[PDB]
Amino acid sequence: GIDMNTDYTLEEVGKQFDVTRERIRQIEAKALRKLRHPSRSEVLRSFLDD
DNA sequence: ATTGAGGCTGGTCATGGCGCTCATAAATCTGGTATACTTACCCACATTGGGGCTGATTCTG
């Protein structure tokens, strides 16, 4: 739910993008892995107050 | 500057705990009726306004 009124489910997103649900899942997992890769999001890691 | 393989782009098949929906049920929430006789509670100032006089110009017997 980023920069929009509401979020969209994975199936509606796949339908809008003409991409299967599993391919959408794999692309999301690749994006999450790339964000978990180091040398990035250092301020995001610093955003924890514990 | 080609043709022989690895990494990575397309989709397969269910899969699995989660959430919305149906139904049961005792606890919680509402309305109702009692026929010996019981009858009235328990500080000091300053200002404006209302009501009772107080003359003072108009009229009277």
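Per chain, numbering begins at 1; letters A, B, ... match sequence-line order. Side-chain atoms are counted along with the backbone in the values below, which use heavy atoms only and exclude waters and symmetry mates.
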### Query
How about B:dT24 and B:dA25: do their bases stack, with centres under 5.5 Å and planes under 30 degrees?
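For these two strand neighbours, the answer is yes: their six-membered rings meet both cut-offs.
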### Base stack present between B:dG7 and B:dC8, cut-offs 5.5 angstrom and 30 degrees
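No, unstacked.
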With a 6.0 Å cut-off (strictly less than), is the heavy-atom count around [atom1] of [X], excluding the residue itself, greater than 12?
X       : atom1 : result
A:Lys30 : NZ    : yes
A:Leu48 : CG    : yes
A:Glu28 : CD    : no
A:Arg45 : CZ    : yes

So what's [N] doing, north or south, if we go by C1'-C2'-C3'-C4' (plus is north, minus is south)?
N      : result
B:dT9  : north
B:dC43 : north
B:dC53 : south
B:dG10 : north
B:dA36 : north

Please give, in whole Å, the distance from [N] [atom2] to [X] [atom1]?
X       : N      : atom1 : atom2 : answer
A:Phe17 : B:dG10 : CZ    : P     : 13 Å
A:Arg21 : B:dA14 : CZ    : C1'   : 11 Å
A:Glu22 : B:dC8  : CD    : P     : 17 Å
A:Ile24 : B:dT9  : CD1   : P     : 13 Å

### Task
Write down the atom of A:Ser41, the atom of A:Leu35, and the distance for their closest heavy-atom approach.
OG-O, 3.8 Å
### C1' atoms of B:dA25 and B:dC29, separation to the nearest Å
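Those two atoms are separated by 16 Å.
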### Query
So which nucleotide from B:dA14, B:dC13, B:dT9 ends up closest to the side chain of A:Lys30?
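Among B:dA14, B:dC13, B:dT9, the one nearest the side chain of A:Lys30 is B:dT9.
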### Message
Taking donor-acceptor contacts at under 3.5 Å, does the side chain of A:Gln26 reach the base of B:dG11?
### Response
yes
#### Entry: Residue-phosphate contact under 4.0 Å: A:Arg23 side-chain N/O, B:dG10 OP1/OP2
yes
